[PDB]
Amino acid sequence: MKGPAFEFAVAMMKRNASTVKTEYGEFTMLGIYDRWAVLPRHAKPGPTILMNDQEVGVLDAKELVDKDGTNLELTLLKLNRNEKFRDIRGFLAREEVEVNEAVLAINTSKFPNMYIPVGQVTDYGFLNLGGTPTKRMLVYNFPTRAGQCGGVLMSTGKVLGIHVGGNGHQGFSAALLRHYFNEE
């Protein structure tokens, strides 16, 4: 609900977010640093994506799992483009973030530049999501809709995670942690 959180969110989406289509559907994508970006794992990007209606090559993809192989529901993508993202790694936490007030930001054809005050975010942990055991889920209560996956969950100076699932009035993000961007 906070002004500064929305101010932060809008600036973040303007600088680093895009609309991406894969063979599996349309998503919000967040650039992280250099040419590295993130999508929900179920976006299932191939060797070419559509980024703001433009064909972009994918040079590497990394589907994130924990040390025991459990799904984290995020895929990191290295893009064949010459433009670089603003390095936003400093806005990513070392561990799953909780906040009193978060904003979920969506950038797709269905929801072009929409911001939703989702209220409190709780570190929920384990969830069987779409039939897949998944960890490091953040939960929040708002009226969820199809097409919001990839939405960026934020608060002032904080990128918490990426929207990946939900049902009815409950939404879940995969926590977006800083160490995910280290080879190890």
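Numbers for residues come from their place in the sequence shown, where the first is 1.
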When mean C-alpha B-factors in the record are compared for 75-83 and 94-102, the larger belongs to 75-83
Selected stretch [higher average CA B-factor]: 114-122 or 61-69: 61-69
Top residue by Cα temperature factor, when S173, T19, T22, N167 are compared in the entry: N167
I'd like to know which of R41, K158, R145, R136 has the highest C-alpha temperature factor in the PDB entry. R145
CA B-factor ranking of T132, expressed as a third of its chain: highest
Split into thirds by Cα B-factor across the chain's modelled residues, where does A9 land: lowest, middle or highest? middle
Going by the CA temperature factor in the PDB record, which third of the chain does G151 belong to: lowest, middle or highest? lowest
Rank-wise, by C-alpha B-factor, drop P47 into the lowest, middle or highest third of its chain. highest
Of the three thirds of Cα B-factor ranks in this chain, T28 occupies the lowest
